[PDB]
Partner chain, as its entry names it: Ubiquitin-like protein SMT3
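For reference, the chain that follows is the form deposited without the partner chain, supplied as structure tokens.
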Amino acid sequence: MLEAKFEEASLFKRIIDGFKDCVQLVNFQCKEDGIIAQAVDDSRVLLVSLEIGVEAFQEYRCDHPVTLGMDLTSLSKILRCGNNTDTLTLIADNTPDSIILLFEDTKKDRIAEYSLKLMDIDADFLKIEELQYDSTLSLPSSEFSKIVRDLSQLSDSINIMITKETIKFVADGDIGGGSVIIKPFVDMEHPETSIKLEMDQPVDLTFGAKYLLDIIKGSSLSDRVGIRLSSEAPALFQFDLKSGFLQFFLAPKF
């Protein structure tokens, strides 16, 4: 029997928003020490990896490994049904035909129980993360969100260029162009505005805006975003959770 109790349904809903507009069906491998889930879009240039530790729940019990694949188009609908700041409990019994989502609230007033029909999905799990990445920066997700949103106005292709102590986002379109530059700094008034950068080797990569716009969906999950870049491999965009994370692996072109 599985019983994973989110303190606030928002968390799970906001997590699903990460996968939503970029992948369809996802296997949520549940087990002893939490949940993990992976998915890849049709064109195989964006991979989303989720890990949720036990501490991210208020209560978590999984007697025995249970893999629950489900349609996120359909799951999300049920997430709409819930009350944003209400306790959500996932329930399942061995070899589920279905998973039960369970909303509660303050008073035993309205307690909604939904059920989602599950689906068999062949896995073939990937493990592409690398040991070392040529460059590794971290900035407020809100700032990174802005930069992408703005430069997306001009070009369908955003170039990220990193020399030492210099991160340059560039967009060049038929219709004009644009470029933001930021620098590392420790902000003691509020360290959550800080910009970090550990450049081992410089990088000059170009990603599709279509996907960078999907990646910034996770901005609702963490104050900061973790962007690891190397020129031979996909970039790691990571939003950290209380215990766990949401990772986006994006391959740049050319």
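Positions refer to the first chain, counted from 1.
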Between 100-108 and 137-145 (mean CA B-factor, as deposited), the higher: 100-108
Which wins on mean Cα temperature factor, 202-210 or 185-193? 185-193
Going by the entry, which of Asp122, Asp150, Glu113, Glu130 has the most elevated CA B factor? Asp122
The largest CA temperature factor among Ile175, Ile78, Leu126, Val170 is found at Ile175
Modelled-residue ranking by C-alpha temperature factor, third containing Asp223: highest
Compared with the other modelled residues in the chain, in which third is the CA B-factor of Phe254? highest
Please rank the C-alpha B-factors of the chain's modelled residues and tell me whether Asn94 sits in the lowest, middle or highest third. highest
Could you tell me which third, lowest, middle or highest, the C-alpha B-factor of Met161 occupies within its chain? lowest
Taking the chain's C-alpha temperature factors as the reference, tell me which third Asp240 falls into: lowest, middle or highest. lowest
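If you look for the form deposited with the partner chain bound, you will not find it shown, but the lines that follow are about it.
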Decide whether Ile195 counts as a contact residue for the partner chain in the bound PDB entry under a heavy atom distance cut-off of 4.5 Å. yes
I'd like to know if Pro191 sits close to the partner chain in the bound PDB entry, meaning any non-hydrogen atom pair within 4.5 angstroms. yes
